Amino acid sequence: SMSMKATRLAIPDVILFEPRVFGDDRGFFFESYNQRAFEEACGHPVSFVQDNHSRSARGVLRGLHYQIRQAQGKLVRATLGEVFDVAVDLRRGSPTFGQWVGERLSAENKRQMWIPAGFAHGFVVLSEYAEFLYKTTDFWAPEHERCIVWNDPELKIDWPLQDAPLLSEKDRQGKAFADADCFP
């Protein structure tokens, strides 16, 4: 009896989870998600309808993404390698509007971040490759997808990069925070 750990971040609706891992002669086992435990920690019901999996090379940066309608809460983790994962509060009425939190998530540390609807999300790959898995509370709606550019000068996100990031065209063309659609 050790157990799952949940820790609210500086933007308290963002939660850092750490599973309890059971090792034995075969390798290991852990629960990567448990609805009862998760809901207890969050303080409200959450339902996931899609799971996504990406593989990215060192220096790849994906984000900052959100859906302005059909907004998605995201529970994210790394199953290979290491990333720095960032959540940006885009709720206009929030006292932390325009602030961000970031944590290193890796296959080894098994940490996860819960990033509710109303946030933008992104990550950068620190390892040779990283595989990133996340669960979403609503479906992909490309018509509603929005992007804020990684290096926005108002957000001032400290990405641990040693070189220019490798971006998709969509992400390279992200809007400035000042011009971005935000949530109430």
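C-alpha atoms forming the largest set that superposes within 1.5 Å between two forms make up the rigid core. From 1 onward, residues are counted along the sequence shown.
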Exercise for review: With the rigid core held as the alignment frame, decide whether 25-33 or 44-52 lies farther from the shown form in 4 other deposited structures of this protein, in terms of RMS C-alpha distance.
Suggested key: 25-33
Check your understanding: Do the Cα atoms of 139-147 or those of 122-130 sit farther, on average, from the shown form in 4 other deposited structures of this protein after fitting on the core?
Key -> 139-147
Revision key, fill the gap. Assert higher mean C-alpha B factor (12-20 or 170-178, deposited values) equals 170-178
Review point. Taking the recorded C-alpha temperature factors, which stretch has the higher mean, 29-37 or 153-161?
Key: 153-161
Review point. Can you tell me which of 74, 110, 92, 104 has the highest Cα temperature factor in the record?
Key: 92
Check your understanding: Looking at 127, 56, 136, 70, which has the highest Cα B-factor in the entry?
Key -> 70
Exercise for review: Would you mind checking where the Cα B-factor of residue 115 ranks among the modelled residues of its chain, as the lowest, middle or highest third?
Suggested key: middle
Study note, to complete from the structure: Binned into thirds over the chain's modelled residues, the C-alpha B-factor of residue 146 lands in the middle
Check your understanding: By the record's CA B-factor, is residue 62 among the lowest, middle or highest third of residues in the chain?
Key -> lowest
Review point. With respect to C-alpha B-factor, does residue 84 fall in the lowest, middle or highest third of the chain as deposited?
Key: lowest
